[PDB]
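Protein chains in written order, with my numbering: chain D, 60 to 387; chain E, 87 to 633; chain C, 214 to 262; chain U, 6 to 137; chain R, 33 to 226; chain Z, 675 to 812; chain P, 563 to 639; chain Y, 157 to 257; chain A, 23 to 279. Backbone N, C-alpha and C define an ideal beta-carbon position, used for all residues, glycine too. Below you'll find the structure, written out as structure tokens, and then a few comments.
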Amino acid sequence: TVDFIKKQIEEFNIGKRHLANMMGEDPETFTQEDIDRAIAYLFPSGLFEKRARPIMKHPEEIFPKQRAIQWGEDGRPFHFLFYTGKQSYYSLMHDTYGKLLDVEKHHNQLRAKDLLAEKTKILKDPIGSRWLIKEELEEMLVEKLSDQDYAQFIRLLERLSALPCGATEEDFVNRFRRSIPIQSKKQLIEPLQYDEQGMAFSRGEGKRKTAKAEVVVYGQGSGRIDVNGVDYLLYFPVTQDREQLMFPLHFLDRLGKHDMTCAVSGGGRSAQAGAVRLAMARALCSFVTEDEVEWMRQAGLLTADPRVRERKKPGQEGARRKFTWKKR
Amino acid sequence: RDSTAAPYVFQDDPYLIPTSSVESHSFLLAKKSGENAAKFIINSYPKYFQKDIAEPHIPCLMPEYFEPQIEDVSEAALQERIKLXXXXXXXXXXXXXXXXXXXXXXXXXXXXXXXXXXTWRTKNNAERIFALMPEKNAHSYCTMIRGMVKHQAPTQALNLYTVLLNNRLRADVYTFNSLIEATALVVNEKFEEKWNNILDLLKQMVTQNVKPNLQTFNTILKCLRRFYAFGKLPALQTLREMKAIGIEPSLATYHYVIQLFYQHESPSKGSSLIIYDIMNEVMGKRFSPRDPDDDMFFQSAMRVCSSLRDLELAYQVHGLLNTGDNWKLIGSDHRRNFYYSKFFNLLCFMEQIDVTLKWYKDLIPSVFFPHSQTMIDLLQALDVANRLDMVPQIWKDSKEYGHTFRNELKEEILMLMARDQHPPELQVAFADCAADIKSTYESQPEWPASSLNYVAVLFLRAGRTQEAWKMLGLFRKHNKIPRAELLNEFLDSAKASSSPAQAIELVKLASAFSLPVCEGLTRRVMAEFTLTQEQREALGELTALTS
Amino acid sequence: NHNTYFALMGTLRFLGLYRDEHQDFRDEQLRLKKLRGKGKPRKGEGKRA
Amino acid sequence: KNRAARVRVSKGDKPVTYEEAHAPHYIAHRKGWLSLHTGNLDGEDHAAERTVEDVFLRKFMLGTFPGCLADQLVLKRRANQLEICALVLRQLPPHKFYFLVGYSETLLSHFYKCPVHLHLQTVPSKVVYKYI
Amino acid sequence: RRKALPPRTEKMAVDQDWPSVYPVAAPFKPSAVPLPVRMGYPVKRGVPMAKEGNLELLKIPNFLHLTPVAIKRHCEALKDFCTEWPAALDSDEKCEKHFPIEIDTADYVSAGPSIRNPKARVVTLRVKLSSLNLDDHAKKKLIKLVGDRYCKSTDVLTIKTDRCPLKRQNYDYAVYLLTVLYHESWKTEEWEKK
Amino acid sequence: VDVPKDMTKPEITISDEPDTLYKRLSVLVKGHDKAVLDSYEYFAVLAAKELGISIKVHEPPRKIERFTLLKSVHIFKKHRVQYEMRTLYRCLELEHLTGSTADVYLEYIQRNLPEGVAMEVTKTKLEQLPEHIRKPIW
Amino acid sequence: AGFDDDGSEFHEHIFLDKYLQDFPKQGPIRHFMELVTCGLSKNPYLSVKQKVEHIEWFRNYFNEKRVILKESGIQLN
Amino acid sequence: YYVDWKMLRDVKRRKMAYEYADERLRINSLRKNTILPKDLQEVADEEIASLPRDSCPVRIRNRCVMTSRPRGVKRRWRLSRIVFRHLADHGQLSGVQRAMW
Amino acid sequence: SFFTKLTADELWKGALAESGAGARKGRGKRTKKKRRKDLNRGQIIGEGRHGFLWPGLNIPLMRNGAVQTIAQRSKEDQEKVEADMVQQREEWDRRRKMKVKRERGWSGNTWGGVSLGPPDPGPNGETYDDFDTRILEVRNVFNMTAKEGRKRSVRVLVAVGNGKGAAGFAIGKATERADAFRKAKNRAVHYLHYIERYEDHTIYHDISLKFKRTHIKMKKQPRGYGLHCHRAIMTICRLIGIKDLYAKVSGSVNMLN
RNA sequence: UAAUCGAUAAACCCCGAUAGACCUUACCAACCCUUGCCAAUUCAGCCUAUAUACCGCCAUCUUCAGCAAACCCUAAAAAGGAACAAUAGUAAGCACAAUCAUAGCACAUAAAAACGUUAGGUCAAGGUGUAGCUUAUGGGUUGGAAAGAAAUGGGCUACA
Ligand SMILES: [Mg+2]
Ligand SMILES: [Mg+2]
Ligand SMILES: [Mg+2]
Ligand SMILES: [Mg+2]
Ligand SMILES: [Mg+2]
Ligand SMILES: [Mg+2]
Ligand SMILES: [Mg+2]
Ligand SMILES: [Mg+2]
Ligand SMILES: [Mg+2]
Ligand SMILES: [Mg+2]
Ligand SMILES: [Mg+2]
Ligand SMILES: [Mg+2]
Ligand SMILES: [Mg+2]
Ligand SMILES: [Mg+2]
Ligand SMILES: [Mg+2]
Ligand SMILES: [Mg+2]
Ligand SMILES: [Mg+2]
Ligand SMILES: [Mg+2]
Ligand SMILES: [Mg+2]
Ligand SMILES: [Mg+2]
Ligand SMILES: [Mg+2]
Ligand SMILES: [Mg+2]
Ligand SMILES: [Mg+2]
Ligand SMILES: [Mg+2]
């Protein structure tokens with residue numbers, strides 16, 4: 060299928076030129092972020108699966124990596140490990156073992172000469188380097204891979220890295236390394252806002268069990284809550300609901316140092332109490348140092364409550380309660 | 087209009103896209119036949135479509151009824167039946183069986199129905215409209231004059247005109263639209279009296295206080311075309327008089343003048359200037375097809391330019407077509423095909439090859455397919471300017487366009503290769519085209535011998551003698567032998583390739599059929615034998631020739 | 214009106230425009246059953262005759 | 006076991022189309038609807054009429070083009086004019102194809118009191134998506 | 033005899049205008065579309081099916097006749113039909129004082145042979161009572177005459193007429209209702225003094 | 675190169691009647707899928723910006739109608755099949771419109787309306803005052 | 563579009579009291595017929611001519627059943 | 157023909173109800189009121205009883221269009237629960253899809 | 023009534039009951055006669071009962087240079103056409119009802135000794151045209167499965183030979199009889215023996231061999247004693263190229279052994 | 001009682017029915033019509049039998065993972081095909097998984113769950129092969145289809 064992909068490349072180039080001409084943009088500056096945008100407009104297919112939508116990419120992404128020819132016209136295989144089944148993986152293993160042996164002999168000679176110039180280049184914790192996954196290795200090597208052979212390759216790579224690294228060995232071992240994303244879970248702290256000559260003004264939002272609450276906090280007033288135009292004592296007759304309001308302020312010892320006005324809609328009494336508690340906790344982050352906001356998030360004030368009522372299932376009573384199952 | 091797009095009426099699928107003009111006509115005819123068949127079922131079974139769902143109640147899609155509503159009442163049974171031939175004839179008999187009195191308006195429709203559709207039955211109907219009831223002459227002549235004209239009986243129109251003028255009733259403008267034709271169509275050694283009768287009728291037209299419309303001035307020019315080719319003075323005088331009253335002449339009015347000018351332009355070319363300077367004034371305005379006889383206007387106004395070999399005027403006559411209505415001026419496809427072919431006949435050899443090719447792609451595959459005549463002119467356009475890169479492009483389109491005419495255009499399509507030089511960069515174009523024409527005729531179709539001489543020189547400069555030699559064997563076995571010029575030319579290629587084994591087989595078969603240049607071939611082979619050191623075989627073929 | 218649809222489709226099938234596979238199968242099965250020997254009895258003789 | 010709109014898997018040699026290879030629970034996920042109209046919206050009406058017209062069109066076209074139809078028709082309803090898109094095997098000559106399309110364009114129009122458009126795409130054979 | 037004709041893709045020019053080949057809504061014929069587009073769920077070892085014979089591409093509505101270039105070309109010709117909005121009513125504050133009457137009219141479009149929609153007859157009238165010549169007694173009488181149709185927070189009287197079959201008849205009836213409500217609010221009868 | 679000449683032949687007349695004035699024109703297009711609505715909204719805003727209408731676009735909340743039917747044919751009520759119908763809404767707001775401008779906009783809007791969507795049009799007709807309320811005394 | 567309701571206006575639909583002249587003004591017939599006129603006025607599915615048929619049918623029925631209205635004890639015309 | 161003799165009877169019942177709709181409405185207008193004296197109400201009841209049986213709109217049954225199933229039908233599509241599923245699973249009905257939430 | 027109809031594919035699938043639940047485990051085989059007839063075989067799309075000749079379907083579109091109008095055949099022409107259509111039905115039924123007799127290698131109702139044709143060519147392109155093969159034994163083998171229970175699989179012994187001294191044998195087991203035949207044919211050529219034939223008609227010397235439990239005594243014979251051996255040994259020797267031989271098999275008569 | 005039917009172990013028992021005063025209703029008693037819905041048909045029509053002939057739709061194993069075309073091997077082969085410091089296994093495909101939906105992730109739910117077992121349910125959603133009705137097992141009108149001696153399944157109300 061070597062010629063088929065080549066023909067598809069020319070057809071894709073011609074189609075890209077035509078798409079640029081019909082869309083009105085410069086074909087020279089036409090890129091994939093414009094190709095997909097124009098496709099989504101010309102063929103607006105509304106489907107839940109993204110892969111089912113129309114797509115026009117370069118053939119190298121659409122078609123998978125096709126295996127190259129292995130033997131010439133005379134039938135003689137090119138690579139010397141063709142009859143091993145996996146001529147790419149086994150060649151890689153052979154090269155890795157040869158480099159390991161070269162490193163070992165060079166280190167033995169250096170120790171005989173009583174010289175130590177190498178360093179430990181295996182600790183990549185600050186960089187955030189990891190080993191290749193099976194899919195990543197199968198992307199590099201066109202042939203299919205297994206689990207045991209992948210484990211052997213990883214365990215040989217770590218053996219090679221555990222030895223005094225050479226000059227050309229480090230770059231070879233680095234191409235099998237992948238960077239990981241930031242695992243920091245620190246939330247964004249809203250800056251203090253000053254609106255209408257008002258100092259220490261902040262806003263927060265919360266949601267819990269179909270209840271939306273928006274709370275504005277002023278850091279210069281006394282401690283009181285105004286909910287929906289009425290005081291919290293009147294709006295929450297139940298003491299537990301008022302304890303929900305007290306939970307964030309008591310954790311920060313800011314009972315009588317902030318004035319809060321809340322607007323909460325939806326849900327019941329407890330759902331509204333939870334929503335306003337979450338909104339107040341998220342809004343108080345601006346008035347507190349970075350040390351206690353983490354304490355609040357560890358105490359469970361800055362995290363949402365995904366506990367939502369499950370939909371009732373057909374043939375059941377309450378999405379869990381089954382009907383009376385008669386054995387006979 | 088798009089360039090590489092088929093007309094909207096045909097399906098856009100390539101398997102349904104027509105290839106030739108006959109296929110294009112046949113597909114439309116088949117589709118119209120299916121439409122008519124469906125309408126036949128709709129009319130024959132009205133009850134299956136009586137239910138209406140569309141709120142606006144569109145009447146165009148409702149079935150039509152062919153049955154008259156009232157049958158017992160003679161008066162009411164004729165109006166329904168006249169509007170819908172043979173059955174209308176029995177209506178008069180059924181009404182007259184009861185001796186029902188017919189007014190002057192009921193019989194007019196019956197007479198018009200017979201006049202529109204339909205020799206002795208006409209007289210039998212004409213006696214029944216006159217002897218039965220004193221009908222008004224206005225309802226008489228409109229049927230009689232218009233019916234007897236198609237029956238080759240114009241003598242009755244003049245007799246009826248005498249009664250019409252005696253009855254103190256003025257003749258409408260439509261009466262003289264046929265009286266002049268009836269008077270003119272009969273010619274017995276005289277023309278001046280026939281033309282003077284038309285002049286007398288025209289003079290009486292104004293006295294009758296009826297303004298003659300454009301139809302009278304259009305029909306006098308219709309009559310002045312068949313008889314005399316020198317009668318252009320009265321035609322031009324009438325054309326001038328048309329502008330005096332204030333009504334613009336129609337397209338057919340100029341078409342009739344152009345037809346006679348085309349007739350008279352063959353002996354003298356001085357009349358072509360009058361043809362050229364009359365269309366300039368009419369191209370400056372936007373026209374509308376208000377006359378059904380305007381189809382031949384462009385057919386005659388562009389054939390003159392095609393015959394006189396004018397392109398600056400062809401551009402203007404095409405602009406005239408494209409100005410007002412690009413399609414509402416040609417009725418039938420035959421006229422369009424005959425128009426575009428000779429229109430493109432002038433765009434090839436006059437202007438440059440670039441503009442010729444530019445106009446080629448927007449007219450040939452888009453509008454209509456050329457005939458066998460345009461193919462010759464397209465070939466003539468290439469060899470004059472030495473255009474060889476576009477030869478395969480024209481050839482591949484010609485396979486689908488002139489496949490029927492291939493057997494007559496193939497001897498001419500390949501002759502251009504013998505006049506130009508073959509560059510070393512043009513080997514594949516000469517190879518694939520020569521292979522595709524040889525792969526079809528030998529698999530089933532006379533094969534001209536001239537193409538072998540062309541294919542011999544196509545591979546001469548390409549250095550491919552292996553493929554060139556094998557084709558000669560296919561022709562020499564077909565019981566036909568070409569001239570020795572090809573053999574002598576290919577002997578040079580064989581000498582260049584150092585293949586003495588080819589000429590020995592060539593001559594032993596060539597000299598056996600008594601070729602006129604066998605002496606030259608036998609002299610030429612001795613020249614190659616000495617340089618190829620084939621003196622042992624030089625006398626070997628001499629012995630065979632002697633034996 | 215199912216009668217309109219049925220009559221129109223049957224008339225088109227008889228005229229040669231629509232091809233009804235279900236009705237063709239019914240006709241084939243009826244032909245085979247009649248050839249076997251168990252057809253449609255005539256009205257007025259099924260019980261008495 | 007679910008059996009609605011589901012073609013059972015054979016030994017591994019039967020040809021199936023893209024629409025047939027997807028179960029009905031993949032509708033609006035991997036494959037779309039064969040017909041589009043405004044009758045199945047929230048505040049609209051006249052849905053039963055559209056459904057019965059669509060099913061009559063299916064049954065009529067199946068007999069109109071017997072043996073040459075590749076897959077299910079596409080019925081688009083857009084502003085009082087109804088478009089019918091079909092995929093047909095190139096078994097019949099274009100002379101007969103044009104006759105059939107001209108017959109249908111008028112018969113359906115006069116039967117449903119609305120303008121119709123008929124579009125056919127010729128295919129050499131049925132397109133195979135899964136194992137054949 | 034079987035014939036296979038290549039599509040327009042080999043003949044499409046790179047700079048040829050697009051709206052000429054797709055002037056109106058089209059069923060997306062693959063032969064006239066030079067863009068190679070693959071639509072459909074790909075196979076594990078395969079690729080999404082091409083445009084030829086792909087029912088997925090035919091199912092969806094195509095916007096090839098509504099490219100931005102075609103939209104600009106169409107609107108250039110449509111600029112001649114529209115009129116220029118007067119600048120004297122840039123802000124709604126002047127619009128309220130110049131045209132206090134508001135007529136809400138509903139229009140619906142649906143695919144099908146039928147056009148009648150029962151919700152088309154609905155015409156709503158909105159009049160701000162702050163822009164009328166009502167006196168104190170007239171306003172107090174009109175408020176009670178209309179009842180809940182007039183709000184106090186916004187002070188806008190609303191008329192909801194649906195009795196007439198035709199939309200024009202409903203509009204005329206709403207105008208008549210406004211006229212009589214304004215006129216009868218000034219008439220003081222004998223039962224008002226009690 | 676074969677471009678026809680004089681292809682623009684419109685018939686536009688200016689009647690002496692005052693043109694109708696519209697305050698707000700709301701177009702609520704309802705459909706099943708979101709890609710079609712997004713493409714239609716892009717087309718509508720691109721058409722409106724050229725005419726200079728200052729169109730406002732916002733997405734009203736969707737509505738999902740679900741129902742339940744028997745899974746089997748004769749007798750199985752414990753197992754059910756649930757069907758769903760989604761309806762997505764797109765709202766286009768036009769302000770400061772005239773009678774002819776609204777007509778010409780709706781011409782280019784409705785003629786190219788997709789088959790799978792419907793449209794509700796609400797017009798805020800502008801009037802000053804009726805003749806019997808200008809300055810009457812009974 | 564295509565429907566004009568015979569060119570009628572709102573006063574041919576809302577106002578139907580002009581058709582109640584051939585009825586007793588003070589009797590229960592007026593009380594009964596005012597409701598049907600109010601219903602017809604608010605009915606948009608019927609035409610002005612169609613409502614004329616209903617009111618004329620009521621006129622005919624009441625004027626045909628004469629013995630019952632006299633026997634009911636209330637004078638009616 | 158029709159789907160079933162029951163459907164053929166039901167369509168006749170609907171036609172008769174359409175024919176007698178106005179007369180039944182006019183008669184019921186004389187029965188559903190208290191203004192009129194009770195003497196004529198009994199005569200109106202006798203007149204409405206004298207009407208043909210298949211004229212009342214209470215005899216109509218909303219059966220399926222395709223299969224004439226007396227029960228398990230949806231009013232919006234006028235189809236039975238089984239024909240509706242058969243048409244929806246093939247994707248022949250727009251906007252209809254399996255509910256997954 | 024029109025909406026109540028279905029398609030011919032579903033009609034035949036329901037009528038034949040090919041996927042019935044009673045024919046799975048083995049309760050069927052009582053009426054083993056499955057025949058599906060295509061009703062669209064000889065039906066012209068233009069022909070009909072009323073005999074209309076449409077210009078686009080029945081008759082050519084253009085005749086004598088003009089257009090043809092809607093025409094209808096006469097009653098006699100319609101009778102002739104329907105008579106030809108009926109004749110086609112019985113003509114096809116004649117071909118359908120005719121069954122060619124099967125090969126009788128050893129008996130009329132066995133597969134032992136029947137010809138199976140030359141084996142399929144190899145991947146590299148070698149074609150075995152001179153090779154002829156014969157079936158020695160066909161046996162229905164059953165296996166007990168957890169879900170289905172009995173699992174019937176046909177095992178076939180197939181021997182190939184060219185008549186020049188090269189021959190072999192193989193066993194092919196498959197669910198279907200044709201698949202087993204194909205597997206055995208394609209696998210027999212891989213195991214080929216060469217048999218030394220004295221004067222290409224007999225063996226060099228008498229051989230008395232004792233296999234697992236089968237004793238074979240073969241004696242050299244002159245030109246006049248042609249293949250007086252077991253009914254399968256004769257076929258094997260005919261495939262090999264041996265024309266004269268006497269063989270006696272004692273003990274077990276297992277075909278494979 | 002003159003007065004339907006089917007389901008009737010897990011997988012039936014507020015099940016067909018998201019639904020019975022006439023109609024629904026296929027049940028019965030009294031009465032009428034027999035080319036009797038359709039353009040026509042020595043034809044229509046049958047809720048007549050066969051779910052042990054079916055398709056269409058499902059139940060159970062079943063949130064179990066196996067099924068399976070093409071090959072190859074076994075000192076024969078009914079059948080089996082594995083040792084990762086690897087001892088004959090490659091394997092397209094269907095399953096599983098992933099993805100999708102509950103408009104952001106994760107979880108959960110939903111959805112999906114192959115090949116087959118139960119001759120499991122459904123001729124009464126609809127058509128149907130075979131065998132049976134045609135002045136009747138077909139088509140219409142009216143009136144009735146109770147009632148509880150008793151047992152039991154599932155729910156609501158409570159026994160505070
Ligand atoms: Mg519960
Ligand atoms: Mg039935
Ligand atoms: Mg035998
Ligand atoms: Mg024995
Ligand atoms: Mg029961
Ligand atoms: Mg039972
Ligand atoms: Mg059970
Ligand atoms: Mg009854
Ligand atoms: Mg009952
Ligand atoms: Mg019965
Ligand atoms: Mg069963
Ligand atoms: Mg597994
Ligand atoms: Mg095995
Ligand atoms: Mg596998
Ligand atoms: Mg998600
Ligand atoms: Mg998960
Ligand atoms: Mg589930
Ligand atoms: Mg899964
Ligand atoms: Mg059973
Ligand atoms: Mg049962
Ligand atoms: Mg049945
Ligand atoms: Mg039964
Ligand atoms: Mg109980
Ligand atoms: Mg239950």
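Which residues in the same chain as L177 of chain R place their Cβ atom closer than 7 Å to its Cβ, once the five residues preceding and following it in sequence are excluded? In the same chain as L177 of chain R, and ignoring 5 residues on each side of it, the C-beta atoms closer than 7 Å to its own belong to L213, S217, in chain order.
Tell me whether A718 of chain Z, by its Cβ, gets closer than 8 Å to a heavy atom of ligand 11. Taken from the Cβ of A718 of chain Z, every heavy atom of ligand 11 lies 8 Å or farther away.
When you compare the CB of residue 667 of chain Z with every CB in chain R, is at least one pair closer than 9 Å? As displayed, chain Z neither begins before 675 nor continues past 812, which places residue 667 of chain Z out of reach and without an answer.
Restricting to Cα atoms, I'd like to know which of A:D60, A:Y268, A:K195 is closest to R118 of chain A. Checked all of A:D60, A:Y268, A:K195; the closest Cα to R118 of chain A is A:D60.
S41 of chain A, DSSP secondary structure in three states: In the three-state reduction of the DSSP assignment, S41 of chain A falls in the coil class.
With respect to the alpha helix (DSSP H) encompassing residue 76 of chain E, which residues constitute its N-terminal and C-terminal limits? Any answer about residue 76 of chain E is impossible in this case: the structure gives chain E only from 87 up to 633.
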